[PDB]
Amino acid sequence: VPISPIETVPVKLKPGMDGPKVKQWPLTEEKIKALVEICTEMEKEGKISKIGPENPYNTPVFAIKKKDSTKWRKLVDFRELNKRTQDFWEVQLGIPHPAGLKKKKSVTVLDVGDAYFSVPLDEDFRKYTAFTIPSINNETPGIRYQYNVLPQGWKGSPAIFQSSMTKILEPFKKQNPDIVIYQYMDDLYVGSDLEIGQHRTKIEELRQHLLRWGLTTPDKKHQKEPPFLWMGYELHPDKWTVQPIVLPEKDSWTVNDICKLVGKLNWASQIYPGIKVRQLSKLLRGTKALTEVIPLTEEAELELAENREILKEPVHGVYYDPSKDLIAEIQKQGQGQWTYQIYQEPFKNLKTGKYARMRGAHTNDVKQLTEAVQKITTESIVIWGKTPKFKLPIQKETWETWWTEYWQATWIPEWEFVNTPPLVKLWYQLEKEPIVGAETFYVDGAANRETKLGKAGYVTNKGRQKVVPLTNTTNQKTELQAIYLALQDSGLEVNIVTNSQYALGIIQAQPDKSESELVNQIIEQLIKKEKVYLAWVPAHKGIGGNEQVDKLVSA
């Protein structure tokens, strides 16, 4: 076996185990022909070698058809070898995005044919890559090979090829500094601001520099004219767009069909603005079977028809210009849904997106807006390495009131107010001092762990009083119920005294939406008020009416 020009990567096994010893699967006669045809071909080129009985290792193997070709792909079921192979650190930290590319004069894309099979495997590790090829007869002992290159299905194959590829490209990228080479597996986006004459020369230099190591760049996958097909997009000299997305049009929807629908909708939302998958994701909750048929709700059918109409019109994105600023503008879509657009020139979107995660049981629009700003910031630094300027649908004074009074540290980068309804605001403000001339409600509530029964009420300074028996409740729900009572039976200005830290911790966060219906009713009553002053006092200390109302709601 000749020596490969590429340096090999030393690979070990986990300390305390040995190679795989698994029996071969019964393969169809149509896949047996596809394997023996390739095994005898790779053996001629020095990619696999025969092994005798001295190799006590064996692993399954099968084949999968290639997309839009009559060629077959050889895959190995290394699930037993991967569970024993050493752990690797993947060098692929993310996926490039077309919005991060810069306008270049000349652009060239090319793909390396059979990349794994052109990169050598470690010499001391080839013994563990032993498999068997079943013949057309079940009585034939079959041929046993071992891999001399990177297999397909081994957990170390992708990381090794990516690191080996970068080492070969370093001497070329060191001699040609102004050449942008996006490297993702076997796809090589090559661009330059050099003239179109010297560009093809550098491309052929790279095709010969790669050829010196066993990497072939066939002219079949070579691309010289726009539009370029790269990473699932269509690169035009001035714009880009995703490859055509096909949504299923099933008359009867299953759970797995929704996942394929939601998956493509998220993929479309990177450039198609306004995609909403709120009501469609409400179909996946509480379900157990992937093949279970589920009918579409009225809110889900309306959300699907809107997304289809957006996909009808053609949309496109522009490229990144480092000379001009980066702008990001967010809109409040649905209840819990946000969409944003990142651009440098008005209506020339680099990319779009959506944020709709529900963090916690109680929240408001200011919290969700801050979460969205953070998601956009991290995403922006990945693609462009900088934080965009933000145009936010929230008043400057609104945000100043929130972050200065909040107890948690919070902050938004350099932003400006854009007047695009609906605006984000605070629906109610708790006073900082007790209200003069407002009735003072001392509320309390208790329950029993066993009977699940409780009381909730209040006592005021004007003699007013109420107690309500409650069934199937807890200590926490009663203390919220006692505050909900005080809000209902009070005027526009009301001071409320409680000993519940749990209830006070919820209301001070100024929520406008909650998962609890009782909280939403407390919110709706707080919005109706003009001045509300809450206050906390320790319980069981004989404080004001808080001891009198504690004794009434005792049972």
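For every residue, the number given is its place in the sequence shown, counted from 1.
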Quiz item: Quick one: higher average CA temperature factor, 74-82 or 162-170?
Solution: 74-82
Exercise. Quick one: say whether 445-453 or 365-373 has the higher mean Cα B-factor in the deposited entry.
Key: 445-453
Quiz item: From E515, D489, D512, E54, pick the one with the largest CA B-factor in the entry?
Solution: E54
Quiz item: Among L188, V436, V318, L284, where is the Cα temperature factor highest, going by the PDB entry?
Solution: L284
Quiz item: With respect to C-alpha B-factor, does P10 fall in the lowest, middle or highest third of the chain as deposited?
Solution: middle
Self-check item: CA B-factor placement of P295, once the chain's modelled residues are sorted into thirds
Solution: highest
Practice problem: Can you work out whether the C-alpha temperature factor of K250 puts it in the lowest, middle or highest third of the chain? | Solution: highest
Quiz item: C-alpha B factor of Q465, ranked within the chain: lowest, middle or highest third?
Solution: lowest
Quiz item: Taking the entry's C-alpha B-factors for this chain, is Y128 in the lowest, middle or highest third?
Solution: highest
